[PDB]
Amino acid sequence: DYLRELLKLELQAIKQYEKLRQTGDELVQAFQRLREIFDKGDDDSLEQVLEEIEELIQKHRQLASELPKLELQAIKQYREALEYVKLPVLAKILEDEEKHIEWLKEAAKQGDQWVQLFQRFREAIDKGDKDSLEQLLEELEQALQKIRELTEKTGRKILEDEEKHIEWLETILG
Ligand SMILES: [Zn+2]
Ligand SMILES: [Zn+2]
């Protein structure tokens, strides 16, 4: 009964990292267009692209909130089924899922950091120019890729382990 449940959580997990993966691309490829429009110095076009990006963050950041909960969901059920069953493999999964939240919340800190910086950049256009705007975009473009570094590794790292968890569980089942 219960192993099919644990499976569904492990599938849903992948489907969530599947949707972040997608958002991560769009947010980066949107930032391309910002560097283009700001280089031309178009006042009208920039306003749209800034709102376009600010919206994309809310969606990405939405999903980034879910995963920490959904990896907890798993942990709950694995810990349950270890008090009763004590299978050697359910232990190994639990240990992965524990270290998956470690991975996440380290990179979710780096995410908050950057969401501030973007908002400061958007507020510099409101009230004059707080610095050469060139400098703040220059800072963002780098800190963007600093997140992208932590993401693609400590993101796909999980997707490897999560796929391994499914195969393990499917094996125990028929
Ligand atoms: Zn996990
Ligand atoms: Zn897992």
# chains A, B, ... in the order shown; residues from 1 in each chain; ligands from 1
>>> closest_atom_pairs(of="chain A", to="ligand 2", cutoff="7 Å", atoms="only C-alpha atoms and all ligand atoms", output="CSV")
residue,atom,partner,partner_atom_place_in_ligand_line,distance
A:10,CA,ligand 2,1 (Zn),5.4
A:93,CA,ligand 2,1 (Zn),6.1
A:96,CA,ligand 2,1 (Zn),6.6
A:97,CA,ligand 2,1 (Zn),5.3
A:161,CA,ligand 2,1 (Zn),6.3
A:162,CA,ligand 2,1 (Zn),4.2
A:165,CA,ligand 2,1 (Zn),5.2
>>> write_last_selection(atoms="N, CA and C atoms", output="compact mmCIF listing (two decimals), in the first residue's frame")
# COMPACT_ATOMS: atom_id res chain seq x y z
N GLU A 10 8.17 10.92 -4.83
CA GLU A 10 9.46 10.96 -5.52
C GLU A 10 9.27 11.38 -6.98
N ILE A 93 17.56 5.99 1.49
CA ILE A 93 16.78 7.03 0.83
C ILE A 93 16.66 8.23 1.78
N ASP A 96 19.57 10.46 1.91
CA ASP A 96 19.68 11.29 0.72
C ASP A 96 18.75 12.50 0.86
N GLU A 97 17.50 12.24 1.23
CA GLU A 97 16.46 13.27 1.30
C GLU A 97 16.84 14.32 2.36
N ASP A 161 19.77 11.60 -7.76
CA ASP A 161 19.44 10.84 -6.55
C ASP A 161 17.94 10.48 -6.53
N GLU A 162 17.09 11.42 -6.96
CA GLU A 162 15.65 11.25 -6.93
C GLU A 162 15.22 10.16 -7.92
N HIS A 165 16.09 6.85 -6.46
CA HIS A 165 15.14 6.48 -5.41
C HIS A 165 13.92 5.76 -6.01
>>> residues_near_ligand(ligand="ligand 1", cutoff="10 Å", atoms="only C-alpha atoms and all ligand atoms", output="PyMOL selection string")
chain A and resi 9-10+13-14+17+67-68+70-75+93-101+103-104+155+157-163+165
>>> write_last_selection(atoms="N, CA, C and O atoms", output="short mmCIF file (atom, residue, chain, number, x, y, z; two decimals), in the first residue's frame")
data_model
loop_
_atom_site.label_atom_id
_atom_site.label_comp_id
_atom_site.auth_asym_id
_atom_site.auth_seq_id
_atom_site.Cartn_x
_atom_site.Cartn_y
_atom_site.Cartn_z
N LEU A 9 5.46 10.67 -4.28
CA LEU A 9 6.18 11.81 -3.73
C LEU A 9 7.48 12.02 -4.52
O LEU A 9 7.82 13.16 -4.84
N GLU A 10 8.17 10.92 -4.83
CA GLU A 10 9.46 10.96 -5.52
C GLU A 10 9.27 11.38 -6.98
O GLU A 10 10.18 11.96 -7.58
N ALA A 13 8.28 15.20 -6.84
CA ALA A 13 9.52 15.90 -6.58
C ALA A 13 10.21 16.23 -7.91
O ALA A 13 10.52 17.39 -8.17
N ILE A 14 10.40 15.22 -8.75
CA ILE A 14 11.10 15.38 -10.04
C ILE A 14 10.34 16.39 -10.92
O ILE A 14 10.95 17.22 -11.60
N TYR A 17 11.28 19.93 -9.82
CA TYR A 17 12.61 20.30 -10.32
C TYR A 17 12.57 20.43 -11.84
O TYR A 17 13.38 21.16 -12.43
N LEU A 67 9.54 22.89 -2.81
CA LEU A 67 10.46 21.77 -2.75
C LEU A 67 10.91 21.51 -1.31
O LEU A 67 10.84 20.37 -0.86
N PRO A 68 11.38 22.52 -0.56
CA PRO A 68 11.73 22.32 0.85
C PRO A 68 10.62 21.61 1.65
O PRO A 68 10.92 20.83 2.54
N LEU A 70 8.22 19.59 0.13
CA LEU A 70 7.96 18.30 -0.52
C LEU A 70 9.07 17.29 -0.19
O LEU A 70 8.82 16.08 -0.21
N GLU A 71 10.28 17.77 0.12
CA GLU A 71 11.37 16.89 0.56
C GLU A 71 11.14 16.52 2.04
O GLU A 71 11.57 15.47 2.48
N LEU A 72 10.48 17.42 2.78
CA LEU A 72 10.03 17.15 4.14
C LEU A 72 8.92 16.10 4.12
O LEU A 72 8.92 15.18 4.93
N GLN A 73 7.96 16.26 3.19
CA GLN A 73 6.87 15.30 2.96
C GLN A 73 7.43 13.88 2.90
O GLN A 73 6.97 13.00 3.62
N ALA A 74 8.41 13.68 2.02
CA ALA A 74 9.07 12.40 1.85
C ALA A 74 9.60 11.93 3.21
O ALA A 74 9.20 10.88 3.70
N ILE A 75 10.47 12.75 3.81
CA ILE A 75 11.14 12.41 5.07
C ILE A 75 10.12 11.86 6.07
O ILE A 75 10.31 10.78 6.62
N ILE A 93 17.56 5.99 1.49
CA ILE A 93 16.78 7.03 0.83
C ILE A 93 16.66 8.23 1.78
O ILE A 93 16.99 9.35 1.41
N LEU A 94 16.18 7.95 3.00
CA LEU A 94 16.00 8.96 4.03
C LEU A 94 17.25 9.86 4.12
O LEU A 94 17.13 11.08 4.13
N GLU A 95 18.43 9.23 4.15
CA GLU A 95 19.72 9.92 4.30
C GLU A 95 19.96 10.88 3.12
O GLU A 95 20.50 11.97 3.31
N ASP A 96 19.57 10.46 1.91
CA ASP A 96 19.68 11.29 0.72
C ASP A 96 18.75 12.50 0.86
O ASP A 96 19.18 13.64 0.66
N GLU A 97 17.50 12.24 1.23
CA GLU A 97 16.46 13.27 1.30
C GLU A 97 16.84 14.32 2.36
O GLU A 97 16.58 15.50 2.17
N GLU A 98 17.45 13.88 3.47
CA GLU A 98 17.94 14.78 4.51
C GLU A 98 18.98 15.74 3.92
O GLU A 98 18.90 16.94 4.13
N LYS A 99 19.93 15.19 3.15
CA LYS A 99 21.05 15.96 2.57
C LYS A 99 20.58 16.78 1.36
O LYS A 99 21.30 17.68 0.92
N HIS A 100 19.39 16.47 0.84
CA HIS A 100 18.77 17.24 -0.25
C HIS A 100 18.26 18.59 0.27
O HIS A 100 18.29 19.57 -0.45
N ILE A 101 17.77 18.62 1.52
CA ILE A 101 17.30 19.86 2.13
C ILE A 101 18.51 20.72 2.51
O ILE A 101 18.45 21.94 2.41
N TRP A 103 21.32 20.77 0.75
CA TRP A 103 21.64 21.33 -0.58
C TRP A 103 20.78 22.58 -0.86
O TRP A 103 21.31 23.63 -1.25
N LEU A 104 19.46 22.44 -0.66
CA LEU A 104 18.47 23.44 -1.07
C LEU A 104 18.68 24.74 -0.28
O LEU A 104 18.90 25.79 -0.87
N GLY A 155 21.28 21.20 -8.00
CA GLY A 155 19.92 20.96 -8.47
C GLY A 155 19.79 19.61 -9.17
O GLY A 155 18.91 18.84 -8.83
N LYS A 157 22.16 17.28 -9.16
CA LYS A 157 22.64 16.36 -8.12
C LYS A 157 21.44 15.60 -7.51
O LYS A 157 21.47 14.37 -7.38
N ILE A 158 20.41 16.35 -7.14
CA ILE A 158 19.18 15.82 -6.54
C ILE A 158 18.44 14.96 -7.57
O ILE A 158 18.05 13.84 -7.27
N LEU A 159 18.27 15.50 -8.78
CA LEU A 159 17.52 14.84 -9.85
C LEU A 159 18.13 13.47 -10.17
O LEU A 159 17.41 12.55 -10.55
N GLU A 160 19.45 13.35 -10.02
CA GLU A 160 20.13 12.07 -10.12
C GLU A 160 19.62 11.14 -9.01
O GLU A 160 19.09 10.05 -9.28
N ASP A 161 19.77 11.60 -7.76
CA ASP A 161 19.44 10.84 -6.55
C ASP A 161 17.94 10.48 -6.53
O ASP A 161 17.57 9.38 -6.14
N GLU A 162 17.09 11.42 -6.96
CA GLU A 162 15.65 11.25 -6.93
C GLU A 162 15.22 10.16 -7.92
O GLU A 162 14.32 9.38 -7.63
N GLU A 163 15.87 10.11 -9.09
CA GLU A 163 15.62 9.08 -10.10
C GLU A 163 16.06 7.71 -9.57
O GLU A 163 15.40 6.71 -9.81
N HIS A 165 16.09 6.85 -6.46
CA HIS A 165 15.14 6.48 -5.41
C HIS A 165 13.92 5.76 -6.01
O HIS A 165 13.40 4.83 -5.41
#
>>> closest_atom_pairs(of="stretch 6-99 of chain A", to="stretch 118-121 of chain A", cutoff="10 Å", atoms="only C-alpha atoms", output="tab-separated table")
residue	atom	partner	partner_atom	distance
A:50	CA	A:118	CA	9.3
A:53	CA	A:118	CA	9.6
A:54	CA	A:119	CA	8.4
>>> closest_residue(among="A:38, A:78, A:2, A:114", to="residue A:145", atoms="only C-alpha atoms")
A:114
>>> atom_distance(atom1="atom CA of residue A:135", atom2="atom CA of residue A:64")
28.3 Å
>>> closest_atom_pairs(of="stretch 42-105 of chain A", to="stretch 22-26 of chain A", cutoff="12 Å", atoms="only C-alpha atoms", output="Markdown table")
| residue | atom | partner | partner_atom | distance |
| --- | --- | --- | --- | --- |
| A:52 | CA | A:26 | CA | 10.5 |
| A:53 | CA | A:26 | CA | 8.9 |
| A:54 | CA | A:26 | CA | 12.0 |
| A:55 | CA | A:23 | CA | 11.2 |
| A:56 | CA | A:23 | CA | 7.4 |
| A:57 | CA | A:23 | CA | 8.5 |
| A:58 | CA | A:23 | CA | 10.4 |
| A:59 | CA | A:23 | CA | 7.9 |
| A:60 | CA | A:23 | CA | 5.9 |
| A:61 | CA | A:23 | CA | 9.6 |
| A:62 | CA | A:23 | CA | 10.8 |
| A:63 | CA | A:23 | CA | 9.4 |
| A:64 | CA | A:23 | CA | 10.6 |
>>> residues_around(residues="residue A:141", least_positions_apart="2", cutoff="12 Å", atoms="only C-alpha atoms", output="list in words")
residues 27, 28, 29, 30, 31, 32, 33, 34, 35, 114, 117, 118, 121, 134, 135, 136, 137, 138, 139, 143, 144, 145, 146, 147 and 148 of chain A
>>> write_last_selection(atoms="N, CA and C atoms", output="short mmCIF file (atom, residue, chain, number, x, y, z; two decimals), in the first residue's frame")
data_model
loop_
_atom_site.label_atom_id
_atom_site.label_comp_id
_atom_site.auth_asym_id
_atom_site.auth_seq_id
_atom_site.Cartn_x
_atom_site.Cartn_y
_atom_site.Cartn_z
N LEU A 27 14.37 32.89 -17.03
CA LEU A 27 14.84 33.99 -16.19
C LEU A 27 16.21 34.48 -16.65
N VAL A 28 17.06 33.55 -17.10
CA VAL A 28 18.40 33.86 -17.61
C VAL A 28 18.28 34.47 -19.01
N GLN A 29 17.43 33.88 -19.85
CA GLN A 29 17.25 34.30 -21.24
C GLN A 29 16.45 35.61 -21.30
N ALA A 30 15.71 35.92 -20.22
CA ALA A 30 15.07 37.22 -20.06
C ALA A 30 16.12 38.29 -19.73
N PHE A 31 17.14 37.90 -18.96
CA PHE A 31 18.19 38.81 -18.50
C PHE A 31 19.09 39.22 -19.67
N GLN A 32 19.17 38.34 -20.69
CA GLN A 32 19.78 38.68 -21.97
C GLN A 32 19.13 39.96 -22.50
N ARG A 33 17.80 39.92 -22.65
CA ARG A 33 17.01 40.98 -23.27
C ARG A 33 17.17 42.30 -22.50
N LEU A 34 17.39 42.21 -21.18
CA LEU A 34 17.58 43.39 -20.32
C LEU A 34 18.91 44.08 -20.66
N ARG A 35 19.97 43.28 -20.86
CA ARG A 35 21.30 43.78 -21.23
C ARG A 35 21.24 44.42 -22.63
N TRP A 114 19.93 37.80 -3.81
CA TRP A 114 19.88 38.32 -5.18
C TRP A 114 18.54 39.03 -5.47
N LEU A 117 18.89 42.57 -4.48
CA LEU A 117 19.75 43.34 -5.40
C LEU A 117 18.97 43.76 -6.65
N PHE A 118 18.15 42.84 -7.19
CA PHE A 118 17.32 43.13 -8.36
C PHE A 118 16.33 44.25 -8.03
N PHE A 121 17.94 47.60 -7.93
CA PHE A 121 18.21 48.01 -9.31
C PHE A 121 16.95 48.63 -9.93
N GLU A 134 24.98 51.14 -15.11
CA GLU A 134 25.92 50.18 -15.72
C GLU A 134 26.52 49.23 -14.67
N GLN A 135 26.84 49.77 -13.49
CA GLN A 135 27.57 49.11 -12.41
C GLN A 135 26.69 48.08 -11.69
N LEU A 136 25.41 48.43 -11.49
CA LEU A 136 24.46 47.59 -10.73
C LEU A 136 24.02 46.40 -11.60
N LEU A 137 23.79 46.65 -12.90
CA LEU A 137 23.48 45.60 -13.88
C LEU A 137 24.69 44.66 -14.01
N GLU A 138 25.89 45.25 -14.04
CA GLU A 138 27.16 44.54 -14.06
C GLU A 138 27.22 43.59 -12.86
N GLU A 139 26.82 44.09 -11.68
CA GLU A 139 26.82 43.30 -10.44
C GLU A 139 25.78 42.17 -10.51
N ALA A 143 26.18 38.01 -10.17
CA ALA A 143 25.48 37.37 -9.05
C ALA A 143 24.34 36.45 -9.55
N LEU A 144 23.85 36.73 -10.76
CA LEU A 144 22.92 35.85 -11.48
C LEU A 144 23.59 34.49 -11.72
N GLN A 145 24.80 34.53 -12.28
CA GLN A 145 25.55 33.33 -12.69
C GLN A 145 26.12 32.61 -11.46
N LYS A 146 26.31 33.34 -10.35
CA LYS A 146 26.76 32.75 -9.07
C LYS A 146 25.67 31.84 -8.50
N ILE A 147 24.40 32.24 -8.66
CA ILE A 147 23.26 31.39 -8.31
C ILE A 147 23.20 30.21 -9.29
N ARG A 148 23.31 30.52 -10.59
CA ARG A 148 23.22 29.53 -11.66
C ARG A 148 24.27 28.42 -11.44
#
>>> atom_distance(atom1="atom CA of residue A:3", atom2="atom CA of residue A:69")
19.6 Å
>>> residues_around(residues="stretch 167-173 of chain A", least_positions_apart="6", cutoff="9 Å", atoms="only C-alpha atoms", output="number ranges by chain")
A: 3-4, 6-7, 89-90, 93
>>> write_last_selection(atoms="N, CA, C and O atoms", output="compact mmCIF listing (two decimals), in the first residue's frame")
# COMPACT_ATOMS: atom_id res chain seq x y z
N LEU A 3 4.28 1.86 -0.27
CA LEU A 3 5.46 2.06 -1.15
C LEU A 3 5.06 2.84 -2.41
O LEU A 3 5.86 3.60 -2.96
N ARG A 4 3.83 2.62 -2.87
CA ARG A 4 3.29 3.32 -4.03
C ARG A 4 3.11 4.81 -3.69
O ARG A 4 3.22 5.66 -4.57
N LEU A 6 5.09 6.54 -1.40
CA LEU A 6 6.45 7.06 -1.37
C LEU A 6 6.95 7.33 -2.79
O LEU A 6 7.71 8.27 -3.02
N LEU A 7 6.52 6.48 -3.73
CA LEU A 7 6.87 6.61 -5.13
C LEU A 7 6.32 7.93 -5.68
O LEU A 7 7.07 8.71 -6.27
N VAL A 89 17.03 -0.32 2.79
CA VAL A 89 17.10 0.63 1.67
C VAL A 89 16.34 1.91 2.01
O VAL A 89 16.74 2.99 1.59
N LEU A 90 15.24 1.80 2.76
CA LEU A 90 14.45 2.97 3.15
C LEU A 90 15.32 3.93 3.97
O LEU A 90 15.14 5.14 3.90
N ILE A 93 17.56 5.99 1.49
CA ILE A 93 16.78 7.03 0.83
C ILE A 93 16.66 8.23 1.78
O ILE A 93 16.99 9.35 1.41
>>> atom_distance(atom1="atom CA of residue A:66", atom2="atom CA of residue A:153")
19.3 Å
